[PDB]
Amino acid sequence: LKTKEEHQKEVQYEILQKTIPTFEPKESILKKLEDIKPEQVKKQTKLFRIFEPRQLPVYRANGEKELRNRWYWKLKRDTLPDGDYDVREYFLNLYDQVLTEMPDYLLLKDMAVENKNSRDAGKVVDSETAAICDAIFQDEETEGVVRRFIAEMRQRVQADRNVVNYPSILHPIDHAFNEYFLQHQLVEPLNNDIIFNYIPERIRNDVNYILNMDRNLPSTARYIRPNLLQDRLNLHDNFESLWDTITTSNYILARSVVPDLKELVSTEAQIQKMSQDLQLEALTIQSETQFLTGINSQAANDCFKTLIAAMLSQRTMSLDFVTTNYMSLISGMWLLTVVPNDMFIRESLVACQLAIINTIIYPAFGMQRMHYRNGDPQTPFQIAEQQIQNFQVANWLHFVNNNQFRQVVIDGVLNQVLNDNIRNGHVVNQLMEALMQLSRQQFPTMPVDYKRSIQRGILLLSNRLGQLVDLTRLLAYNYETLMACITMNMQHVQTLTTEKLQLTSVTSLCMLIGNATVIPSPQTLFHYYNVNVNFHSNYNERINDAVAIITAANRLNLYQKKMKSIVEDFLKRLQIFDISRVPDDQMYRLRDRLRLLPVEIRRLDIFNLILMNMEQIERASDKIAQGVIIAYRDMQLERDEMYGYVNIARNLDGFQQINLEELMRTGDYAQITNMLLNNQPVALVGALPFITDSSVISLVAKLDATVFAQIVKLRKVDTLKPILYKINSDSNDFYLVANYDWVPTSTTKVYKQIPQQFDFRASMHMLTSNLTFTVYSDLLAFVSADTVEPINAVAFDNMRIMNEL
Amino acid sequence: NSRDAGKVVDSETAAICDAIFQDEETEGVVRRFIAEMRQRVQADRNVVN
C-alpha cells in the first residue's frame, strides 16, 4: 500500500504534467530567463538596394544592332519563381529579408567615399553609387549639363548642428526603403532625466536606498526605448495551461532575488525547550519524534523564498501538513494571517482552516465539532466568525476572512498590494491577543495530558510577540520593494499546478527567527529589474513579429501556409515554453487572438512599401512572363526598341482571362480543354517562365502554337513554357526579314513589360542623417547605488523594521 | 491536393481522395470538389469538423 498509492499518483499526475509547458527540471528555467539578451541593435553598412543600372543593346525599326548602347534599370539577384502563388510566397520572404535587415540607427558619415572625378572634394554615399557616378561622366551619350553637374555635387557637413547630407543615385523603389530607415530611427535622445525616471518609483523614493548619478552623459547620447506595454494577449482568462509557466518561471526568477536570512536562533537551542514545553514523551501520543522534524535552519530560508516568490509572482500554494502535529497547526495560524487567504488553493485553504477549528479552536470553547460539506461557498473561518463567542478570536477571524490582495494600479502596472495593517505588523498583536486567551481556556473534555501539552504549544508562539511583529514587518517589506521592481502585469488567477508549502517548515520560521534584518542589495534589485524589462520587452517584440506575419500572410492572399507554424516559433523565441506539451485548444486560441491585434506602426509601413511595389518588381524581372495571350489568328509582331521584332503584348484587352492559379488548385481543366480543341482565343494569365529563340525559320514554321497542346494530354500545367521571338541582325537567318517582301506574323503573343530607362534627374537625390551617435544599451549601469547599513533600515513608516534590537 | 493543406479524417479516406483525383476519367466537378475539402476548427468551443 506504500508503493501502490504513490505509483497510482505519478501515473495520474503525469497526465496533467504532460499538458503544462514547464520544463521537467524546475530550476533550469532560471538560466533561460537571464540568458534573454535585451535587443540586437543593427546598423547597416551598405545602402539597401534592389535595382542596379545595366547596359542593354538597342535596336531601331527594321531591327538592327545600334552603335549607341543605352542604360536600363534591370534588377539584380532576380530569383523569381514560376507560378502565381510562388511569386507571392517570394514576396513574403522578402518581407522577412527586410525586417531582419531593418537598421535601428543609421549614420551616414561611415558610408562615404570620394567622388574621383569631382573638382571640389565631394563625397557620395556608396562605393556602388560612386561606381555609377563615374560611368555617367565617361559616356558620350550623357548631356553636357550632367557631365558638368556630377563633378559639382557637394555634400554639406554641419558638425555643430550635427546634421549631414550626401548625394546619391537610387531607384525610386530603392529610395523609399532607404528614406524610411533614415527618417524613422529607433534612437531617442537621452539625458539625466530619463535615467532618473527609468528607476522605479518606490526604490527611488525609498530612504534606505541612496542612489547617485556619477557619470556624465553628453549631448549626443541616444538610446533604444523598450517596447513596454501590458500584455495585449490576455494570457490569463482562457489559457489555463499557457499561463502555468508564466507563473512558474516568474516564481523561480523571483526565488533567486529574495535574500538569505542571517543570525537565526540556533537549531539545538530552540528544540531543547520545544521538547520540554510540549512534553512529548510523557504523552500517550503515537508520533513522538515526528513533531520537530522539519525545524531546520535550511528550511527557515525555504519558507522565506517560497512565501515571497509565490506571492510576488501569482502562484497559488497548496499546504502540506499532518493534522496530528498541532505545533505545525498553531504556527499555521500565523500563516493565514499574513499571507492573504486567496493565495492558497481553496481545497487546501479549507482543509487547513477546518483543521485549526476542529481540533484547537472549537474544542477550546466546548462547542461541537464542525461538520462541513465541501461544496459550501463559506470557508470554515467565515462560519466560526459568527458561531464563536469571544471577541478576541472573533476579531481575529474577521481578519483572516477579510484579507486579500487589494488591487491597485501604480506607475502604469497593476500590482496586488497588501493592506496597511499587515505591512506594518500590527495584525499580529491581534493574533497573539486571540492566541493568549485560547491558552487560558479549559478544554472541557480534552484529556489533561493533551490539554497542557497544547496550551504550552500555544505559549511557544504567543511568547514570541516581539519577533513575529518583526518578521511580518520584514516579510512585507521584501515583498514591498520587489513588487515595484516588476514591469509585467500582476494578474491573480487560480493556477493549474501549485507550489507546495509545508507547514512543518513554516514552524521553522516563526520560532527560529532572530532580530537581524535582510534587505535586497541594490545591485541585486537592479538585476531583477533588467530581467523583467528584458522579458517584457521581448514578449512584446515577438508578438509584433508574429502579428506582422499572420496579417502579411493574409493581405497577400497567401493560403496553404499553416498558422500553427508561425505561432509555435513565437513560443520558441520566448525562452520559457516548449512546444511539445502545449495542447491544441491553446495553439488555436493563440492563432485566433494574434489575428485581431493591429500591426505595429513601423512593420506595417514597410509591408505597405512592398505591397504597392509588388507589381514593378515582378514586371521588371526576366525569366518569367505574366501570361500568354493566345489568339489563333494572324497578327504582326510589334517593333520594339530593345528587342527588334518581338511578339509582345502590353495589355490583356478584348480577350478572356483565365487564372492559372485557379486552374491549378481546382484541377478543373474542363474549360481550358474545350477552349483549345476549338480554336477560340484565350488569354492565359499567371507567372509563366518563357523561352527565347533568335531564328526566323522557327517563326515561319510556327513553333509558338505547339506549346499549349501539352495541357490537354497531360493535365498538369506547371510544365508550360510560352515562346518569345526575338529577331535582330545578330540572329541567324535574319535575311528573310530584310530581303523578302513579307511582314512577320505570330498566332500568339506574350505579355511582358519593357524595363525602365535610366533618367538621371529623377534618380539623383540627397540623403540626410546625423553625424555622430553613441548608443547606450544599459541604463541602470549609470546610477551608483548604495544600500544603508541594515540595522538602520526603515519600513514605509519611518520606524525601523526588526525593532527588537 | 487541396486549396489549403487541410486534414481529411482517415488514411483510407485520403487513399480514395487522390485515387479519384489522379484518375483521368473522373469528371472535373468531382475533381474540383476534392480541392474544397478541408477541416474546420473552432477553439473557443473545442470542436473540429
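Residues numbered from 1 in each chain as written, not as in the entry; some residues may be left out. Chains lettered and ligands numbered in written order. Part of a larger assembly, values for the part shown. Heavy atoms only, no water.

Looking at the method and resolution fields of the entry, one finds cryo-EM and 3.6 Å.

1. Notes on the interface of chain A and chain B
For clarity, the cut-off: Any two residues having at least one pair of non-hydrogen atoms within 4.5 Å are treated as being in contact. Summed over both partners, the accessible area (1.4 Å probe) lost when two parts come together is defined as the buried area. Put simply, a salt bridge is a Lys or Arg side-chain nitrogen that is within 4 Å of an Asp or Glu carboxyl oxygen. Under the rule applied, a polar contact is a pair of N or O atoms within 3.5 Å (in protein, one hydrogen donor and one hydrogen acceptor; residues adjacent in sequence only if both atoms are side-chain atoms).
Facing the 14 residues of chain A at the interface are 19 residues of chain B. Taking both sides of the interface into account, the surface hidden between chain A and chain B amounts to around 1600 Å²; carbon and sulfur atoms contribute 40%. Here chain A and chain B share 3 salt bridges between them. With a closest N to O distance of 3.5 Å, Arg715 of chain A and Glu24 of chain B form a salt bridge. At the boundary of chain A with chain B, the tally comes to 7 residue pairs in polar contact.

2. Some words on the side chain of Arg88 of chain A
What counts, and what does not: Going along the chain from the N terminus, every DSSP run of H or I of four or more residues is numbered as a helix, and every run of E of two or more is numbered as a strand.
Following the sequence through the fold, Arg88 of chain A ends up in helix α3 (residues 84-101). Here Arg88 of chain A is in contact with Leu556, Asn557, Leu558, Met614 and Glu661 of chain A, once residues within four sequence places are set aside.

3. Brief notes about the packing of aromatic side chains
Residue and element names in this part refer to chain A. The test is simple: What counts as a ring pair is set by centres within 6.5 Å for rings of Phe, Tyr and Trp (its six-membered ring), and what kind of pair is set by the plane angle: stacked under 30 degrees, edge-to-face over 60, tilted for all other angles. When accessible area is computed with a 1.4 Å probe and restricted to protein chains, residues below 20% of their type maximum are described as buried, those above 50% as exposed, and intermediate ones as partly exposed. For a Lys NZ or an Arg CZ to count as sitting over a ring, it must be within 6 Å of the ring centre and within 35 degrees of the ring normal.
In the structure shown here, the tally under the stated rule is 17 aromatic pairs over all chains. A centroid spacing of 6.2 Å and a plane angle of 55 degrees characterise the contact between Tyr105 and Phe773, whose relative ring orientation is tilted. With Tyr105 in the loop between α3 and β3 (113-114) and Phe773 in the loop between β23 (767-770) and β24 (774-776), this pair connects stretches of sequence that are 668 residues apart. In this structure, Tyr105 and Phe773 share a single accessibility class: buried. Here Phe177 and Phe181 contribute two aromatic rings whose centre-to-centre distance is 6.5 Å and whose plane-to-plane angle is 50 degrees, an arrangement assigned as tilted. Within the aromatic cluster, the residues linked to one another by ring pairs are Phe48, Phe177, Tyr180 and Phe181. In this arrangement the basic side chain of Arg423 is found over the ring face of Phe796, its NZ or CZ atom lying 4.2 Å from the centre.

4. Re the pattern of salt bridges
All names here are of chain A. A complete count under the given rule lists 37 salt bridges over all chains for this structure. In this structure, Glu201 and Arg204 form a salt bridge, with 2.4 Å as the shortest nitrogen-oxygen distance. Of this pair, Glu201 and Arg204 are both found in helix α10 (residues 201-204), 3 residues apart, which corresponds to roughly one turn of the helix. Exposure remark for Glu201: the relative accessible area of 40% places this residue in the partly exposed category. Across the salt bridge formed by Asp545 and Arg542, the nearest N and O atoms sit 3.7 Å from each other. Here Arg542 and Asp545 lie together in helix α26 (residues 534-550), a separation of 3 residues that amounts to about one turn. Relative accessible area serves as the criterion here: at 26%, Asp545 is assigned to the partly exposed category.

5. Concerning helix α12 (residues 267-277) of chain A
All names here are of chain A. Quick note on the threshold: In this context, the arc is that of the directions from the helix axis out to the C-beta atoms.
Buried within α12 are the following residues: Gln270, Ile271 and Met274. Mapping the buried residues of α12 onto a view down its axis gives an arc of 95 degrees, with all of them on the same face. Structural note: α12 exposes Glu268 and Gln272 on the side pointing more than 90 degrees away from its buried face. After α12 finishes, the residue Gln279 shows a positive phi value of roughly 55 degrees.

6. Some details on the environment of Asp4 of chain B
All names here are of chain B. Looking at the secondary structure, you find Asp4 in the segment before α1 (18-21). On a C-alpha basis, the gap between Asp4 and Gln39 in space is 9.4 Å, while along the polypeptide they are 35 residues apart. In this structure the side chain of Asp4 is engaged in a polar contact, spanning 3.5 Å, whose partner is the side chain of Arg38.

7. Brief notes about the sheet that holds strand β21 (residues 723-727) of chain A
Residues and elements named next belong to chain A. We apply this condition: A pair of strands is labelled paired if DSSP reports no fewer than 2 bridges between them. Every axis in this analysis is a line fitted to C-alpha atoms, fitted for helices over the stretch in contact. Angles between the N-to-C directions lie between 0 and 180 degrees.
Taken in spatial order, the 4 strands make up an open sheet running β15-β16-β21-β20, and their pairing is mixed. Two strands lie at the open edges of the sheet, namely β15 (638-640) and β20 (691-693), each paired on one side alone. The mean angle between the axes of side-by-side strands here comes to 30 degrees, regardless of whether they run parallel or antiparallel. The pairing of strand β16 (residues 644-646) with β21 spans 2 bridges and is classified as antiparallel. By the bridge assignment for β21, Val646 is matched with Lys726.

8. Some remarks on the sheet that holds strand β7 (residues 187-189) of chain A
Residues and elements named next belong to chain A. Taking strand neighbours across the sheet as the criterion, the 3 strands line up as β7-β9-β24 in an open arrangement whose pairing is mixed. Because the sheet does not close on itself, it has two edges, and the strands there are β7 and β24. Taking the axes of each pair of neighbouring strands and ignoring which way they run, one obtains an average angle of 45 degrees across the sheet. Relative to β24, strand β9 (residues 221-224) runs parallel, the two sharing 3 bridges. Bridge pairing links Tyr223 to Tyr776 in β24.

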